[PDB]
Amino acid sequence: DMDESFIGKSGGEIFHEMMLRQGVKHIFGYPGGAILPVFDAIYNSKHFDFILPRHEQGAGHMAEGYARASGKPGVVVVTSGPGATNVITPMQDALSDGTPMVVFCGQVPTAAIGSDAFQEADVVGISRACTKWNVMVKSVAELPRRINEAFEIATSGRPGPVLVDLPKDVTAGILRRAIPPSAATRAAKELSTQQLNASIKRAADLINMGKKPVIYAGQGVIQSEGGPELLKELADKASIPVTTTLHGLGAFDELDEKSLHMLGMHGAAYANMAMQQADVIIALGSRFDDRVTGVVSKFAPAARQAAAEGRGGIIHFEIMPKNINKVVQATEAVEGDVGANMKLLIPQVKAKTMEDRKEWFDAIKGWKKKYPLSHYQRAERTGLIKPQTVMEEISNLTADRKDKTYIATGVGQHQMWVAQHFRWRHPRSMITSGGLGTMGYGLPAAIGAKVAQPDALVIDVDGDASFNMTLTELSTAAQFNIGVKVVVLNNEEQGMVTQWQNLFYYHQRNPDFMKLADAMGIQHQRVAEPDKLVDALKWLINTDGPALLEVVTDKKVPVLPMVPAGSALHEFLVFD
């Protein structure tokens, strides 16, 4: 069957109509020459709100935070050439962290491609390696199909960024024509179904054998329909302790007695202890990246010994086949959506009580007593604010509304401190750049997050160097009155790299953040005395509209515990 409703509409007008059909309600973008047919067509549209950032890197990272906070794909519209290349970093960022994004960019007319035309770049060639799929739309008649293909690809499997190049003749032009089982299919499907059920049955047998089980949950659980609920059901039924990755934070309730909190190079000592001695590791929507495993050959020794002896090992619930057996050899690989497959797993996992796991949870509670996160060096009343305490007091101050609190971060020491010291209870509350780790992410991601969740508290916990990268987007929050709260940790150092240069081998001076925030039209306060911190934070989270709070912290504060390079996950250095 064929669609006639586009006949006589420009490509720009068709685009505006496809945003309607795709449920898009917010677009982030910046105009220019090649994309003008599309901007003219979304001119004053009542069908979605349009955020104009300062820089189209702002637009991309806002689209990521929007996606992180809502589960919907962030949509970006930029011009050809430098408008497209300015989104390359957010694209690689989204690909690394599985964030769904559709990036639409102008392109010179199809006839001009290859001529080195004004504002021409081989954007499909540049962006291939940093998108999950991309395409140049070559005729207004294929435009609605390509837009669909793009939205579906971004949002399925492991989500990811997709780039659609829109030549100016495609969007300024006028469409003039209408546009659009098996026996072997049933046998292929049953062959896949048998393979999946057998995998889940063996996964359950392994879990049922295990005397020291652990769930290693990641972002995939949060990105799965019903994932957190199913995870809770599984952890409760079999009384299994649960650790998350940085991106899995909030997938499990960190006030539950079974919570091990975050594992990894900067994770809880007890989470790492648990993973190093578990005999069954159940990896749910996580990818064994190197910040988590440490030296891979030393990762999970007891799980490997168990697999070796037929009495356990490593179970891996993964939707993307390329990520199965990439880094760690799974004893049992359960392919596909972790929500759907946990639904089939749980009724075959036998129930176990806490009392059944007394020895395991006694070891875990021992490690928690010995290595509590809350033990670090606190400020003397005449010193500067400790950064860990900033995170603790933000968590205390939001404890009664964690279901509507979104934390976005920069990259560095502060990103690890909030992971460690804020208590995570809400899925999608952690909005942070993990795989690529892009300083500058925090403020624009927080802005997009607040756009997606206008009724939530959204805080950008941002180190000063990171915040210096994209601080121009404060104008975006001010122009549009997007009520993000910004906490700038001013220590005048690139804390994470000076931590590395102090362990393995040295520091910039900041603008005046009160004057700057004044220049940008943002409510602002400064705070350096420990006794004043809590009240400063109460002011920030109760302001109306966008606000910023500078927290003068001291320098050379360690991130502990840390698993240094060359060490195993159990070879962490904690505070003494």
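Each residue number is its position in the shown sequence, starting from 1.
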query	finding
Size class of the missing deposited segment between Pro180 and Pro181	4 to 9
Sequence continuity check, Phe118 and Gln119 (deposited residues unmodelled)	none
293-301 versus 101-109 - which carries the larger mean C-alpha B factor in the record	293-301
Higher-B stretch (mean Cα B-factor, as the entry records it), 40-48 or 514-522	40-48
Selection by C-alpha B-factor (highest) of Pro144, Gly226, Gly410, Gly81	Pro144
Member of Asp122, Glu492, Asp462, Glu393 with the greatest C-alpha B factor (per the PDB record)	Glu492
Ranked against its chain, the third holding the CA B-factor of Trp360	middle
For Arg509, the third of its chain into which the C-alpha B factor falls	highest
Chain-relative CA temperature factor third for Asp531	middle
Modelled-residue ranking by C-alpha temperature factor, third containing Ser156	lowest
Relative C-alpha B-factor of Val551, binned into the chain's lowest, middle or highest third	lowest
